[PDB]
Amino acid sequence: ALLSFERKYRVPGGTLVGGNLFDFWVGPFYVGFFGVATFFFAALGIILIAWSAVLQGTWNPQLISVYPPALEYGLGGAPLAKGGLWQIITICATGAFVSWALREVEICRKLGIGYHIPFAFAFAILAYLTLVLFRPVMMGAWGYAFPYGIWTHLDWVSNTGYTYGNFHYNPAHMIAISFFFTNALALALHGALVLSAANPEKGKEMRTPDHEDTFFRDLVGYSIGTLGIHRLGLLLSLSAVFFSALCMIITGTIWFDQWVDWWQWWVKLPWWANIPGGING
């Protein structure tokens, strides 16, 4: 049940809501008021999802799919079988997510650490809210949201993309991808660096941070340092997801045409717009 050093940490307090009421654990897990909140939202949501599955007449997970209301319903409510169920399920997800974040906050307090983790998570939550709330509202129907199904959701991605041409040309999409790639690069390195120091060549003594900083200056002439790379990681990650939201929130709202075409602005600057030759002249 407890890690060899856990007991002295399991003291009362830190709860945001409800005092000592839910201030307790279940196996390794911490409950807290929000422990309960998330459970309830999670229970409800899964139920509704199964209920959608009978109306659909399949129990096969590769097939199950809960779709939003069709565009004709705009931002109004829709019949269960006709889009209501997704709308509730979406409400329930949100409930789950936010609650899961606030529990993280409550654990943070009991342990006496910073709130960076709940913090970073809120970016994930905000990306999800962008795709099922902010964008549809702004566009004008729940129908612009993505459906909850394993492959159907990949389909929405593909269809929504190809609507504006090759989505690769969405400029904030370019930026968002550069982080995803960069972050992975940096996670690759960080991990590798620490391990190689902690697990040197056979029979040698554990290396030190000094070695880590040296290994990198030797390699590329600079080392961001042990505090840096952790600040770096948090940032690349949060940024990747920040730009991911951005590229979507603008798509279909302030730009509805082909993304490639938006680049004509550059190429049509009057100072070289008419100069012959090249690719565009």
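Each residue number is its position in the shown sequence, starting from 1.
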Between 18 to 26 and 266 to 274, name whichever shows the higher mean Cα B factor according to the PDB entry.
266 to 274
Return whichever of 105 to 113 and 155 to 163 has the greater mean Cα B factor according to the PDB record.
155 to 163
Could you check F134, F179, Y73, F119 and tell me which one carries the biggest Cα B-factor in the deposited entry?
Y73
Out of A184, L85, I175, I91, whose C-alpha atom has the biggest B factor in the entry?
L85
Entry-reported Cα temperature factor of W51, expressed as the chain third it lands in
highest
Please rank the C-alpha B-factors of the chain's modelled residues and tell me whether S237 sits in the lowest, middle or highest third.
lowest
Lowest, middle or highest third - CA B-factor, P209
lowest
Quick tally, chain-level thirds of C-alpha B-factors: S65 sits in the middle
Sorting the chain's CA B-factors, does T251 end up in the lowest, middle or highest third?
middle
